[PDB]
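Shown next: protein28.csv, given as CSV, C-alpha atoms and all ligand atoms.
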chain,number,residue,atom,x,y,z
A,2,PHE,CA,-11.3,8.8,21.8
A,3,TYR,CA,-8.8,7.6,19.2
A,4,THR,CA,-5.0,7.7,19.9
A,5,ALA,CA,-2.9,9.2,17.1
A,6,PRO,CA,-0.2,7.3,15.3
A,7,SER,CA,2.0,10.4,15.7
A,8,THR,CA,2.3,9.5,19.4
A,9,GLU,CA,4.8,6.8,18.4
A,10,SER,CA,8.2,8.0,17.2
A,11,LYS,CA,8.6,5.0,14.9
A,12,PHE,CA,6.0,6.8,12.7
A,13,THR,CA,7.2,10.4,12.9
A,14,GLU,CA,9.4,10.2,9.8
A,15,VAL,CA,6.9,8.5,7.5
A,16,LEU,CA,4.1,10.8,8.6
A,17,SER,CA,6.3,13.8,7.9
A,18,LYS,CA,6.7,12.2,4.4
A,19,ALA,CA,3.0,11.5,3.8
A,20,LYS,CA,-0.5,12.8,3.5
A,21,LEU,CA,-3.6,10.7,4.3
A,22,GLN,CA,-6.4,10.2,1.8
A,23,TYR,CA,-9.9,9.1,2.9
A,24,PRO,CA,-12.3,7.9,1.7
A,25,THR,CA,-11.3,8.7,-1.9
A,26,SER,CA,-8.4,10.5,-3.5
A,27,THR,CA,-9.0,13.7,-1.6
A,28,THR,CA,-6.5,14.5,1.2
A,29,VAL,CA,-8.0,14.6,4.7
A,30,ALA,CA,-4.7,15.2,6.6
A,31,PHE,CA,-1.4,16.6,5.4
A,32,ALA,CA,1.9,15.8,7.1
A,33,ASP,CA,1.6,18.7,9.6
A,34,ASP,CA,-2.0,17.5,10.5
A,35,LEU,CA,-0.7,13.9,11.0
A,36,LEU,CA,2.2,15.0,13.2
A,37,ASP,CA,-0.3,17.1,15.3
A,38,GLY,CA,-2.2,14.1,16.4
A,39,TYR,CA,-4.7,13.4,13.6
A,40,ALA,CA,-6.8,10.3,14.5
A,41,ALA,CA,-10.2,9.0,13.4
A,42,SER,CA,-12.0,5.7,13.1
A,43,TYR,CA,-10.3,5.1,9.8
A,44,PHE,CA,-6.8,6.0,11.0
A,45,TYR,CA,-5.6,5.4,14.6
A,46,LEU,CA,-3.1,3.7,16.9
A,47,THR,CA,-4.1,0.5,18.6
A,48,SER,CA,-3.2,-0.4,22.2
A,49,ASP,CA,-0.4,-2.7,20.9
A,50,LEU,CA,1.0,0.1,18.7
A,51,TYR,CA,-0.2,-0.7,15.2
A,52,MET,CA,-1.2,2.1,12.9
A,53,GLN,CA,-4.6,0.8,11.7
A,54,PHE,CA,-6.4,1.8,8.5
A,55,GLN,CA,-10.1,1.0,8.1
A,56,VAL,CA,-12.6,1.8,5.3
A,57,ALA,CA,-15.9,0.6,3.8
A,58,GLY,CA,-17.3,0.9,0.3
A,59,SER,CA,-16.3,0.0,-3.2
A,60,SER,CA,-12.9,1.5,-4.3
A,61,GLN,CA,-12.7,3.5,-1.1
A,62,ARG,CA,-9.5,4.0,0.8
A,63,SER,CA,-7.7,5.0,3.9
A,64,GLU,CA,-4.2,5.4,2.6
A,65,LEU,CA,-1.0,7.3,3.1
A,66,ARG,CA,0.5,8.8,-0.1
A,67,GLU,CA,4.3,9.5,-0.2
A,68,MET,CA,5.3,13.1,0.1
A,69,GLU,CA,8.6,15.0,0.4
A,70,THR,CA,9.3,17.0,3.5
A,71,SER,CA,9.4,20.1,1.3
A,72,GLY,CA,5.6,19.6,0.8
A,73,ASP,CA,6.2,18.5,-2.8
A,74,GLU,CA,4.4,15.4,-3.8
A,75,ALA,CA,6.8,12.5,-4.3
A,76,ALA,CA,7.3,12.1,-8.1
A,77,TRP,CA,10.5,10.1,-8.6
A,78,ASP,CA,11.5,8.7,-11.9
A,79,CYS,CA,9.8,5.3,-12.0
A,80,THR,CA,12.7,3.7,-13.8
A,81,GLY,CA,15.6,5.9,-12.7
A,82,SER,CA,19.0,5.1,-11.3
A,83,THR,CA,18.1,6.1,-7.7
A,84,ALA,CA,16.7,3.2,-5.7
A,85,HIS,CA,13.3,3.7,-4.0
A,86,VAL,CA,12.5,1.4,-1.1
A,87,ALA,CA,9.3,1.0,0.9
A,88,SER,CA,9.4,-1.3,4.0
A,89,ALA,CA,6.4,-2.2,6.1
A,90,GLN,CA,5.6,-4.7,8.8
A,91,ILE,CA,1.9,-5.5,8.2
A,92,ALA,CA,-0.6,-7.6,10.1
A,93,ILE,CA,-3.5,-8.4,7.8
A,94,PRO,CA,-6.5,-9.5,10.0
A,95,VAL,CA,-9.1,-11.9,8.8
A,96,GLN,CA,-11.2,-9.7,6.7
A,97,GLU,CA,-14.9,-9.0,7.4
A,98,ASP,CA,-17.5,-10.9,5.4
A,99,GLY,CA,-18.0,-9.3,2.0
A,100,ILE,CA,-14.4,-8.0,1.8
A,101,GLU,CA,-12.7,-9.7,-1.2
A,102,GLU,CA,-9.5,-7.8,-1.9
A,103,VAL,CA,-7.6,-5.1,0.0
A,104,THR,CA,-4.6,-3.3,-1.4
A,105,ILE,CA,-2.0,-2.6,1.3
A,106,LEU,CA,1.0,-1.1,-0.6
A,107,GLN,CA,1.3,0.5,-4.0
A,108,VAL,CA,3.8,2.0,-6.4
A,109,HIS,CA,1.5,4.4,-8.3
A,110,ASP,CA,2.4,6.7,-11.3
A,111,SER,CA,1.6,10.4,-11.1
A,112,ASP,CA,-1.5,10.0,-13.2
A,113,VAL,CA,-4.1,7.1,-13.2
A,114,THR,CA,-2.1,3.9,-13.2
A,115,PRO,CA,-0.9,1.6,-10.4
A,116,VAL,CA,2.6,0.2,-11.3
A,117,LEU,CA,2.3,-2.3,-8.4
A,118,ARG,CA,-0.4,-3.2,-6.0
A,119,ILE,CA,0.3,-5.6,-3.2
A,120,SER,CA,-3.1,-6.9,-2.0
A,121,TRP,CA,-4.8,-9.5,0.0
A,122,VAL,CA,-7.3,-11.5,-2.1
A,123,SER,CA,-10.0,-14.0,-1.1
A,124,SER,CA,-9.3,-15.9,-4.4
A,125,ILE,CA,-7.3,-15.5,-7.5
A,126,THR,CA,-6.8,-17.6,-10.6
A,127,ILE,CA,-3.4,-17.3,-12.4
A,128,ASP,CA,-2.5,-19.4,-15.5
A,129,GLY,CA,-5.3,-21.9,-14.6
A,130,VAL,CA,-4.2,-22.2,-10.9
A,131,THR,CA,-6.6,-21.0,-8.2
A,132,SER,CA,-5.2,-19.8,-4.9
A,133,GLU,CA,-7.4,-18.9,-1.9
A,134,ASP,CA,-6.6,-16.4,0.9
A,135,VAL,CA,-3.2,-15.1,-0.4
A,136,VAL,CA,-1.2,-11.9,-0.7
A,137,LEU,CA,-0.7,-11.0,-4.4
A,138,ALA,CA,1.5,-8.7,-6.5
A,139,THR,CA,-0.2,-7.1,-9.5
A,140,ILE,CA,1.9,-5.2,-12.0
A,141,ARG,CA,0.1,-3.4,-14.8
A,142,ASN,CA,1.4,-4.2,-18.3
A,143,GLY,CA,1.2,-0.6,-19.4
A,144,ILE,CA,-0.7,2.7,-19.1
A,145,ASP,CA,-2.7,1.8,-22.2
A,146,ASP,CA,-3.1,-1.9,-21.4
A,147,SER,CA,-5.7,-2.7,-18.6
A,148,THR,CA,-4.2,-6.1,-18.0
A,149,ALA,CA,-1.6,-7.0,-15.4
A,150,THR,CA,0.9,-9.7,-14.5
A,151,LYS,CA,-0.1,-11.3,-11.1
A,152,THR,CA,2.2,-13.2,-8.7
A,153,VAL,CA,1.2,-14.9,-5.5
A,154,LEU,CA,3.6,-13.7,-2.8
A,155,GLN,CA,2.5,-15.4,0.5
A,156,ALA,CA,-0.2,-17.5,2.0
A,157,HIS,CA,-2.2,-15.1,4.2
A,158,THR,CA,-1.3,-15.2,7.9
A,159,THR,CA,-2.6,-12.8,10.6
A,160,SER,CA,1.0,-12.7,11.9
A,161,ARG,CA,3.1,-9.5,11.4
A,162,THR,CA,4.9,-9.8,8.1
A,163,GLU,CA,7.7,-7.8,6.6
A,164,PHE,CA,7.2,-6.5,3.1
A,165,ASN,CA,9.9,-4.7,1.1
A,166,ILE,CA,9.5,-3.1,-2.3
A,167,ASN,CA,12.8,-2.2,-4.1
A,168,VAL,CA,12.5,-0.1,-7.3
A,169,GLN,CA,15.6,0.7,-9.3
A,170,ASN,CA,16.4,1.1,-12.9
A,171,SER,CA,13.6,-0.5,-14.8
A,172,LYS,CA,13.2,-3.4,-12.3
A,173,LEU,CA,11.0,-4.0,-9.2
A,174,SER,CA,11.6,-6.6,-6.5
A,175,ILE,CA,9.5,-7.7,-3.5
A,176,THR,CA,10.7,-9.5,-0.4
A,177,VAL,CA,8.4,-11.1,2.1
A,178,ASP,CA,9.9,-12.0,5.5
A,179,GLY,CA,13.3,-11.7,3.9
A,180,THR,CA,12.6,-14.0,1.0
A,181,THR,CA,12.5,-12.7,-2.6
A,182,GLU,CA,9.1,-13.4,-3.9
A,183,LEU,CA,9.3,-11.2,-7.0
A,184,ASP,CA,12.8,-10.9,-8.5
A,185,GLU,CA,13.5,-7.9,-10.7
A,186,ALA,CA,10.2,-7.8,-12.5
A,187,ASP,CA,10.3,-5.4,-15.5
A,188,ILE,CA,8.6,-2.1,-15.2
A,189,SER,CA,10.1,-0.4,-18.3
A,190,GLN,CA,6.5,0.3,-19.5
A,191,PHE,CA,6.7,3.2,-16.9
A,192,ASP,CA,9.8,4.8,-18.5
A,193,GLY,CA,9.0,8.5,-18.6
A,194,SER,CA,6.4,8.2,-15.8
A,195,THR,CA,6.9,9.5,-12.3
A,196,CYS,CA,6.0,7.5,-9.2
A,197,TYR,CA,5.3,7.4,-5.5
A,198,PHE,CA,4.5,4.9,-2.8
A,199,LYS,CA,1.2,4.4,-1.0
A,200,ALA,CA,0.3,2.3,2.1
A,201,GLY,CA,-2.9,1.6,3.9
A,202,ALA,CA,-6.2,-0.1,3.1
A,203,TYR,CA,-7.8,0.3,-0.4
A,204,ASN,CA,-11.0,-1.8,-0.7
A,205,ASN,CA,-11.3,-3.4,-4.1
A,206,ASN,CA,-14.5,-4.9,-5.4
A,207,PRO,CA,-16.3,-5.8,-2.1
A,208,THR,CA,-19.4,-7.9,-2.3
A,209,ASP,CA,-20.8,-6.0,0.8
A,210,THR,CA,-20.4,-2.3,0.3
A,211,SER,CA,-21.0,-1.7,4.0
A,212,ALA,CA,-18.3,-4.0,5.3
A,213,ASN,CA,-15.0,-2.6,6.6
A,214,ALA,CA,-11.6,-3.5,5.2
A,215,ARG,CA,-9.0,-3.3,7.9
A,216,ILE,CA,-5.2,-3.3,7.8
A,217,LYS,CA,-2.6,-2.8,10.5
A,218,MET,CA,1.0,-1.6,10.2
A,219,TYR,CA,3.6,-2.0,13.0
A,220,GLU,CA,6.4,-0.2,11.0
A,221,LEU,CA,6.3,1.8,7.8
A,222,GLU,CA,9.0,3.8,5.9
A,223,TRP,CA,9.9,4.9,2.5
A,224,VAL,CA,13.4,6.1,1.5
A,225,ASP,CA,15.7,6.9,-1.3
A,226,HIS,CA,19.2,5.5,-1.7
A,227,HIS,CA,21.5,7.4,-4.1
B,301,LIG,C1,-7.1,-4.1,-12.0
B,301,LIG,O1,-6.9,-3.5,-10.7
B,301,LIG,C2,-7.5,-2.2,-10.6
B,301,LIG,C3,-8.0,-2.1,-9.2
B,301,LIG,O2,-9.2,-2.9,-9.0
B,301,LIG,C4,-8.4,-0.7,-8.9
B,301,LIG,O3,-9.5,-0.3,-9.7
B,301,LIG,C5,-7.3,0.3,-9.1
B,301,LIG,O4,-7.7,1.6,-8.9
B,301,LIG,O5,-6.8,0.2,-10.6
B,301,LIG,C6,-6.4,-1.2,-10.8
B,301,LIG,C7,-6.0,-1.2,-12.3
B,301,LIG,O6,-6.6,-0.6,-13.1
B,301,LIG,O7,-5.0,-2.0,-12.6
B,301,LIG,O8,-8.5,-4.6,-12.1
B,301,LIG,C8,-8.7,-5.3,-13.4
B,301,LIG,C9,-10.1,-5.7,-13.4
B,301,LIG,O9,-10.7,-6.2,-12.4
B,301,LIG,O10,-10.8,-5.7,-14.5
B,301,LIG,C10,-7.8,-6.4,-13.7
B,301,LIG,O11,-8.0,-6.9,-15.0
B,301,LIG,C11,-8.5,-8.2,-15.0
B,301,LIG,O12,-7.6,-9.2,-14.4
B,301,LIG,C12,-8.1,-10.5,-14.4
B,301,LIG,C13,-6.9,-11.4,-13.9
B,301,LIG,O13,-5.8,-11.3,-14.4
B,301,LIG,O14,-7.1,-12.1,-12.9
B,301,LIG,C14,-8.4,-11.0,-15.8
B,301,LIG,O15,-9.0,-12.3,-15.8
B,301,LIG,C15,-9.4,-10.0,-16.5
B,301,LIG,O16,-9.6,-10.3,-17.9
B,301,LIG,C16,-8.9,-8.6,-16.4
B,301,LIG,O17,-7.7,-8.5,-17.2
B,301,LIG,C17,-6.3,-6.0,-13.5
B,301,LIG,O18,-5.4,-7.1,-13.6
B,301,LIG,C18,-6.1,-5.3,-12.2
B,301,LIG,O19,-6.2,-6.2,-11.1
Rendering of file as structure tokens:
Amino acid sequence: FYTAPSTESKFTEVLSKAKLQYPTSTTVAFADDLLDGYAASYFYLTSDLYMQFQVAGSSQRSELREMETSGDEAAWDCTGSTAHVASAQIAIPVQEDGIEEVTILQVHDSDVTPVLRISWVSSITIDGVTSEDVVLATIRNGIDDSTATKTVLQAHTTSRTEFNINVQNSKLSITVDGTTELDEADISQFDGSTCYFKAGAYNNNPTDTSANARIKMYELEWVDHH
């Protein structure tokens, strides 16, 4: 009894340029499946026209992964001259008890490393400063370095919020409701990698493995500019 996100034309293009992974990295719906009305408890259209992602369990996900309309996986040069831009209007609900971090947007390399995660966190401590209930950017310092540089982007609100990721040359910027919150962070550690965007709900380190992470997107797109 779930309504498909494909019923809203504002999602046709991104769905044509995506596949849906749930609950792990395996694809459950390709672009053609999505466009043909795919819907489930973990991926459906709400009555006020949000595409909602929901998932339980540690490191489990309900996530769109950027594709080309040709059926090729997106695999653009992470630090190339062509700009890559993802734009989303996201409402992050108050998360269920036991949910501690939910990744909502990513730039990921074509192997095993997230270049950027934008996530909601219950708490984070950065350079001795603890912030509660915030949206965070995490940029990995390298493929062979498990550490990352973290930047608080926004105090969590349930209100619909515009996120924009702009990747061009070896730099990455993030705007939140029109304000630059990460200005040309260096991602040269991904020279020679290829990359793609992701969007959805990726449940990181929950304390209750049965609780559902839940994220809603009112608009979503990813584009190239040459
Ligand atoms: C890291 O995020 C990982 C996600 O949790 C998912 O597993 C994803 O699939 O891959 C991400 C990744 O590998 O980058 O998780 C580690 C971690 O939890 O161990 C983070 O490293 C720690 O970061 C904290 C901190 O900076 O707050 C440090 O105190 C700690 O010593 C580790 O360096 C890593 O930054 C990142 O979030």
Checklist entry - Between atom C5 of ligand LIG 301 (chain B) and atom CA of residue A:72, what is the distance, to one decimal in Å? => result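 So the two atoms, atom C5 of ligand LIG 301 (chain B) and atom CA of residue A:72, lie 25.2 Å apart.
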Item to check | Environment of ligand LIG 301 (chain B) within 12 Å, counting all atoms listed in the file, reported as a VMD selection string | outcome: chain A and resid 25 to 26 59 to 62 101 to 104 106 to 110 112 to 122 124 to 132 137 to 153 203 to 207
Kindly provide the residues of stretch 60-115 of chain A that approach stretch 161-179 of chain A to within 9 Å, each paired with its closest atom pair and their distance in Å to one decimal, based on only C-alpha atoms, listed by chain and increasing number, as a Markdown table.
| residue | atom | partner | partner_atom | distance |
| --- | --- | --- | --- | --- |
| A:79 | CA | A:171 | CA | 7.5 |
| A:80 | CA | A:171 | CA | 4.4 |
| A:81 | CA | A:170 | CA | 4.9 |
| A:82 | CA | A:170 | CA | 5.0 |
| A:83 | CA | A:169 | CA | 6.2 |
| A:84 | CA | A:169 | CA | 4.5 |
| A:85 | CA | A:168 | CA | 5.1 |
| A:86 | CA | A:167 | CA | 4.7 |
| A:87 | CA | A:166 | CA | 5.2 |
| A:88 | CA | A:165 | CA | 4.5 |
| A:89 | CA | A:164 | CA | 5.3 |
| A:90 | CA | A:163 | CA | 4.3 |
| A:91 | CA | A:162 | CA | 5.2 |
| A:92 | CA | A:161 | CA | 4.4 |
| A:93 | CA | A:161 | CA | 7.6 |
| A:106 | CA | A:166 | CA | 8.9 |
| A:108 | CA | A:166 | CA | 8.7 |
Could you turn the residues from that selection into a file that holds C-alpha atoms, as a PDB file, in the frame of the given file?
ATOM      1  CA  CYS A  79       9.800   5.300 -12.000  1.00  0.00           C
ATOM      2  CA  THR A  80      12.700   3.700 -13.800  1.00  0.00           C
ATOM      3  CA  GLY A  81      15.600   5.900 -12.700  1.00  0.00           C
ATOM      4  CA  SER A  82      19.000   5.100 -11.300  1.00  0.00           C
ATOM      5  CA  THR A  83      18.100   6.100  -7.700  1.00  0.00           C
ATOM      6  CA  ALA A  84      16.700   3.200  -5.700  1.00  0.00           C
ATOM      7  CA  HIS A  85      13.300   3.700  -4.000  1.00  0.00           C
ATOM      8  CA  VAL A  86      12.500   1.400  -1.100  1.00  0.00           C
ATOM      9  CA  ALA A  87       9.300   1.000   0.900  1.00  0.00           C
ATOM     10  CA  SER A  88       9.400  -1.300   4.000  1.00  0.00           C
ATOM     11  CA  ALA A  89       6.400  -2.200   6.100  1.00  0.00           C
ATOM     12  CA  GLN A  90       5.600  -4.700   8.800  1.00  0.00           C
ATOM     13  CA  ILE A  91       1.900  -5.500   8.200  1.00  0.00           C
ATOM     14  CA  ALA A  92      -0.600  -7.600  10.100  1.00  0.00           C
ATOM     15  CA  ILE A  93      -3.500  -8.400   7.800  1.00  0.00           C
ATOM     16  CA  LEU A 106       1.000  -1.100  -0.600  1.00  0.00           C
ATOM     17  CA  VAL A 108       3.800   2.000  -6.400  1.00  0.00           C
TER      18      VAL A 108
END
Checklist entry - Between atom CA of residue A:94 and atom CA of residue A:181, what is the distance, to one decimal in Å? => result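 Taking atom CA of residue A:94 and atom CA of residue A:181, their separation equals 23.0 Å.
Shortest atom-to-atom contact with residue A:215 among A:46, A:136, A:105, A:36: A:105, counting all atoms listed in the file.
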Item to check | Nearest to residue A:17 by atom-to-atom distance, counting only C-alpha atoms, from A:160, A:58, A:65, A:45 | outcome: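 Going through A:160, A:58, A:65, A:45 one by one, the smallest distance to residue A:17 is for A:65.
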Next on the checklist: Using only C-alpha atoms, list the residues that have an atom at most 10 Å from (-5.8, 5.6, 3.4), coordinates as in the file, as a list in words.
Outcome noted: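 Residues close enough to count: residues 20, 21, 22, 23, 24, 25, 26, 28, 29, 43, 44, 53, 54, 55, 56, 61, 62, 63, 64, 65, 66, 105, 199, 200, 201, 202, 203, 204 and 216 of chain A.
Nearest residue to residue A:196 among A:71, A:42, A:111, A:96 is A:111, counting all atoms listed in the file.
The interatomic distance for the pair atom CA of residue A:40 and atom CA of residue A:15 works out to 15.5 Å.
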Item to check | Residue nearest residue A:210 - candidates A:100, A:30, A:95, A:76, atoms counted: all atoms listed in the file | outcome: A:100
Item to check | Point (8.5, 13.3, 11.8), cut-off 12 Å, counting only C-alpha atoms, residues as number ranges by chain | outcome: A: 6-19, 32-38, 69-70, 222
Kindly save the residues from that selection, with C-alpha atoms included, as an mmCIF file, in the coordinates of the input.
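The file below, out_24.cif, is the result:
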data_model
loop_
_atom_site.group_PDB
_atom_site.id
_atom_site.type_symbol
_atom_site.label_atom_id
_atom_site.label_comp_id
_atom_site.auth_asym_id
_atom_site.auth_seq_id
_atom_site.Cartn_x
_atom_site.Cartn_y
_atom_site.Cartn_z
ATOM 1 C CA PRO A 6 -0.200 7.300 15.300
ATOM 2 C CA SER A 7 2.000 10.400 15.700
ATOM 3 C CA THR A 8 2.300 9.500 19.400
ATOM 4 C CA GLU A 9 4.800 6.800 18.400
ATOM 5 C CA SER A 10 8.200 8.000 17.200
ATOM 6 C CA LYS A 11 8.600 5.000 14.900
ATOM 7 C CA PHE A 12 6.000 6.800 12.700
ATOM 8 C CA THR A 13 7.200 10.400 12.900
ATOM 9 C CA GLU A 14 9.400 10.200 9.800
ATOM 10 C CA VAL A 15 6.900 8.500 7.500
ATOM 11 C CA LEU A 16 4.100 10.800 8.600
ATOM 12 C CA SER A 17 6.300 13.800 7.900
ATOM 13 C CA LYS A 18 6.700 12.200 4.400
ATOM 14 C CA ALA A 19 3.000 11.500 3.800
ATOM 15 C CA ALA A 32 1.900 15.800 7.100
ATOM 16 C CA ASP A 33 1.600 18.700 9.600
ATOM 17 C CA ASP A 34 -2.000 17.500 10.500
ATOM 18 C CA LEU A 35 -0.700 13.900 11.000
ATOM 19 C CA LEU A 36 2.200 15.000 13.200
ATOM 20 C CA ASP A 37 -0.300 17.100 15.300
ATOM 21 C CA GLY A 38 -2.200 14.100 16.400
ATOM 22 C CA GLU A 69 8.600 15.000 0.400
ATOM 23 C CA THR A 70 9.300 17.000 3.500
ATOM 24 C CA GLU A 222 9.000 3.800 5.900
#
